[PDB]
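Examination of the molecular architecture
Here is how the chains run, residue by residue.
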Amino acid sequence: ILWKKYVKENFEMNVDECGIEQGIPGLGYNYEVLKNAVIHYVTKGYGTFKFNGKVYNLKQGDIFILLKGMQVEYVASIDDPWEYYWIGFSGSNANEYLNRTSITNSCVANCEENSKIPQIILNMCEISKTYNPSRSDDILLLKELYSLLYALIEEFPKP
Amino acid sequence: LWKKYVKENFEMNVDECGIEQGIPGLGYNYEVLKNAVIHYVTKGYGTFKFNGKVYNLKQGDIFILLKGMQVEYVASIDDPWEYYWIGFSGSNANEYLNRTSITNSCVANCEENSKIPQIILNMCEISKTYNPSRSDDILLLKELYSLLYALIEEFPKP
Ligand SMILES: OC[C@H]1O[C@@H](O[C@H]2[C@H](O)[C@@H](O)[C@H](O)O[C@@H]2CO)[C@H](O)[C@@H](O)[C@H]1O
Ligand SMILES: OC[C@H]1O[C@@H](O[C@H]2[C@H](O)[C@@H](O)[C@H](O)O[C@@H]2CO)[C@H](O)[C@@H](O)[C@H]1O
């Protein structure tokens, strides 16, 4: 329904792509990640995420993150296929900030009831649907990416 | 408050945040060396002089200093201004400044429902207890993107 790809115009902090996908029962993806980092938020239904010999059964409110070099498989459930929203991002600041959160350890997490993460990801995907750089949507998306990385660090801090 | 930060970023950078209560009849007369410095007048009165114009500024006014400007700004004798300032730099910062009309005269008034005052005050508050181990660096960049967005929204080019 949405897969907006942006230019790699920034090297410190960059929004690479925003997407929304309703899974087809029993179908998904099996590949080595090429993109820098892609955070997925499960909005509905059920799917599986497999990485490094572990198989996670994910549901509404779960996050999984893809990082360059990871061999992953993620597949919608046969009975009740997931919908997910994703933010792909890159840059030297982005990668330093990712090292301040525990989520990059296992690459899976659950959003707490009062999490700020869902609203930010949904808002970035909404902006991306009618992206207009002449209306400074580029500034708004970078503001939201900084808010997202701040929220990940606040909710999933390193020891 | 006068917190100076490293020039650690080149696309978008918070250079400094400050708060100054002016001394009656005193101020500054110099060629600006910093990239860009937005000042917000929180109290009182002062004068800003640039390119042969003399502005009488008051609470709610903004003035912006840009590299190369020869400026004089002086607190009023009767009720000296307090001002808050955000110094910033970077290739993104300078592109975004070209999307606003405020860089034409370098003076403006914040309208009643403006988001600018709350952002500038919040950045100066964060800067007072700046702790990078608690990711205050990310928070200040988030607020700088919010500030430049607000300037474009409230002071658009025609
Ligand atoms: O990037 C999130 C996005 O990934 C898609 O999978 C793509 C991937 O983006 C691409 O770099 C790789 O070369 O091929 C994959 C397709 O096998 C997913 O299709 C999409 O649902 C999102 O998860
Ligand atoms: O940068 C805003 C800040 O400027 C101070 O003035 C300094 C200026 O920053 C510095 O670049 C220059 O070399 O010396 C000036 C003092 O003469 C102001 O003092 C301060 O109130 C702010 O306006």
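About the criteria used
- The residue numbers shown here are sequential, starting from 1 for each chain in the order of its written sequence. They can differ from the numbering used in the entry, and residues that have no coordinates are not displayed.
- Throughout, the order in which chains and ligands are written sets their labels, letters from A for the former and numbers from 1 for the latter.
- The basis for every side-chain value is the complete set of heavy atoms in the structure, and neither hydrogens nor water enter the calculation.
- Residues with missing side-chain atoms are left out of burial classes, side-chain pairs and their counts.
- Strand pairing follows a simple DSSP-based rule, namely that at least 2 bridges must link the two strands.
- Here a helix means four or more residues in a row that DSSP labels H or I, a strand means two or more in a row labelled E, and each is numbered from the N terminus.
- To define axes, lines are fitted to C-alpha atoms, for helices over the stretch in contact only, and angles between the resulting N-to-C directions are given on a 0 to 180 degree scale.
- Salt-bridge detection follows one rule: a side-chain nitrogen of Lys or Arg within 4 Å of a carboxyl oxygen of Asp or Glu.
- In this scheme, a residue with accessible area under 20% of its type's maximum is buried, one over 50% is exposed, and one in between is partly exposed, where area comes from a 1.4 Å probe on protein chains only.
- We call a residue near a molecule or strand whenever a single non-hydrogen atom of that residue lies within 4 Å of it.
- As used in this structure description, the phrase polar contact means that two N or O atoms lie within 3.5 Å; if the pair is within protein, one of them must be able to donate a hydrogen and the other to accept it, and residues adjacent in sequence are counted only when both atoms belong to side chains.
- All accessible-area figures derive from a Shrake-Rupley calculation using a 1.4 Å probe, and residue coverage is judged against the displayed protein chains alone.
- Contacts are assigned to residue pairs that have any heavy atoms within 4.5 Å of one another.
- Simply put, the buried area is the total loss of 1.4 Å probe accessible area from both parts when two parts are fitted together.
- Residues are sorted three ways: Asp, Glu, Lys and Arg are charged, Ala, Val, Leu, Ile, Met, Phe, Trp, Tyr, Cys and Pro are nonpolar, and all the rest, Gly among them, are polar.

Its PDB header attributes the entry to X-ray crystallography and lists the resolution as 1.87 Å.

The name given to chain B in the PDB entry is Transcriptional regulator BgaR, with the source organism recorded as Clostridium perfringens. Listed in the archive, the entry goes by the title "Structures of the transcriptional regulator BgaR, a lactose sensor".

Under the PDB entry, chain A has the name Transcriptional regulator BgaR and belongs to Clostridium perfringens.

Our focus in this paragraph is the sheet that holds strand β6 (residues 54-59) of chain A. Residue and element names in this part refer to chain A. Pairing within the open sheet is antiparallel, and its four strands lie in the order β3-β8-β5-β6. Each edge of the open sheet carries a strand with a single partner, namely β3 (28-32) and β6. Within this sheet the neighbouring strands show an average axis-to-axis angle of 15°, counted without direction.

As a further point, take the pattern of salt bridges. A complete count under the given rule lists nine salt bridges over all chains for this structure. Between A:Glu83 and A:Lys44 there is a salt bridge, and its shortest N-O distance comes to 3.5 Å. Here the residue A:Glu83 occupies a position in strand β9 (residues 83-90), and A:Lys44 occupies one in strand β4 (residues 37-44), the gap between them amounting to 39 residues. Note on A:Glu83: relative accessible area 11%, which makes it buried. The exposure class assigned to A:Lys44 is partly exposed, which follows from its relative accessible area of 44%. What you see here is one network of salt bridges that share partners, running through A:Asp138, B:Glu95 and B:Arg99.

This brings us to the sheet that holds strand β6 (residues 53-58) of chain B. Residues and elements named next belong to chain B. An order of β3-β8-β5-β6 is seen for the four strands of this open sheet, with the pairing classed as antiparallel. The sheet is open, and its two borders are formed by β3 (27-31) and β6, each paired with just one other strand. Along the sheet, successive strands turn relative to each other by an average axial angle of 15°, direction set aside. Both strand β5 (residues 45-50) and strand β8 (residues 70-75) contribute to a ladder of five bridges, which runs antiparallel. Bridge pairing in β8 places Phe 50 opposite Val 71.

With that settled, consider the site of ligand 1. Residue and element names in this part refer to chain A. Near ligand 1 the following residues occur: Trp 3, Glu 17, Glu 21, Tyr 29, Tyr 31, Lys 35, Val 38, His 40, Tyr 74, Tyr 84 and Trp 86. In this structure, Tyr 31 approaches ligand 1 through a side-chain N or O atom, which is 3.4 Å from an oxygen atom. In the model, an oxygen atom of ligand 1 is placed 2.7 Å from a nitrogen or oxygen of the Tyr 74 side chain. Within the complex, 78% of the 470 Å² of free accessible area of ligand 1 lies under protein. Looking at the shell around ligand 1, the elements with two or more residues in it are β2 (14-22), β3, β4 and β9.

Right, let's get into the interface of chain A and chain B. Contacts between the two partners involve 19 residues from chain A and, on the opposite side, 19 residues from chain B. Of the roughly 1800 Å² buried between chain A and chain B on both sides combined, carbon and sulfur atoms contribute 55%. Of all residues in chain A, A:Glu12, A:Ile139 and A:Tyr150 give up the largest surface area on contact with chain B, accounting jointly for 35% of the area buried on that side. Linking chain A with chain B are two salt bridges. Between A:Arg100 and B:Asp137 there is a salt bridge, with the nearest N and O atoms lying 2.9 Å from each other. Where chain A meets chain B, there are nine residue pairs in polar contact. For the side of chain A that touches chain B, the secondary-structure elements that each account for two or more residues are α1 (92-98) and α4 (137-155) of chain A. Here the side of chain A that touches chain B gets nine residues from one element, more than from any other, and that element is α4(A). A class-by-class count of the residues in the side of chain A that touches chain B yields ten nonpolar, four polar and five charged.

Attention now moves to the site of ligand 2. Residues and elements named next belong to chain B. In the vicinity of ligand 2, the contacting residues are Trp 2, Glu 16, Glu 20, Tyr 28, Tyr 30, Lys 34, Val 37, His 39, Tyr 73, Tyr 83 and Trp 85. In the model, an oxygen atom of ligand 2 is placed 2.9 Å from a nitrogen or oxygen of the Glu 16 side chain. Here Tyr 30 contributes a side-chain N or O atom positioned 3.4 Å from an oxygen atom of ligand 2. Contact with the protein chains removes 77% of the 480 Å² of surface that ligand 2 exposes when unbound. Sorting the residues of the shell around ligand 2 by element identifies β2 (13-21), β3, β4 (36-43) and β9 (82-89) as the ones contributing at least two each. Class assignment of the residues belonging to the shell around ligand 2 gives a composition of seven nonpolar, one polar and three charged.

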